[PDB]
């Protein structure tokens, strides 16, 4: 697909849709995560000692938002420029993932959790062309973070 002018137009449009509801889309996101992999719970400070995923924990929202922003930004960057640019941020990310005891087999957990979250976010407007466009953008960004973790470990 590549990211045509037509495909990027599709990712931007769908990200704008996600931001429109951070406490929902981010709590869903942690549930999709614990559905796919339960043990992941012990990883997160704000999830430990708890029995369910807190719905209004600011720490938790701030946390999940930041993750989706990072995947959008990556898609536009692909259409316009043709690539994903690795900065300070992407590298610090790689450090903290290792402190917290996170591995690569964890990544398809958080991907499916994000494609499923966006399919849920865009509903009937969903196209093969759009799925293809976020898939392309996650893959391309994960390729970069995994790359930095392996560097932070």
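Positions refer to the first chain, counted from 1. Rigid core: the largest C-alpha set superposing within 1.5 Å between the two forms.
- After superposing on the rigid core, the larger RMS C-alpha deviation in 8 other deposited structures of this protein belongs to 46 to 54, the other candidate being whichever of 64 to 72 and 46 to 54 remains.
- Judged by mean Cα B factor in the deposited record, 11 to 19 ranks above the other of 11 to 19 and 130 to 138.
- Look at the mean CA B-factor for 35 to 43 and for 107 to 115 in the entry; the higher one is 35 to 43.
- Per the PDB entry, 85 shows the highest C-alpha temperature factor of the residues 85, 124, 60, 96.
- Residue 80: CA B factor lies in the highest third for its chain, per the PDB record.
- For residue 64, the recorded CA B-factor ranks within the lowest third of the chain. Only modelled residues enter the ranking.
- In the PDB entry, residue 55 places in the highest third of its chain by CA B-factor.
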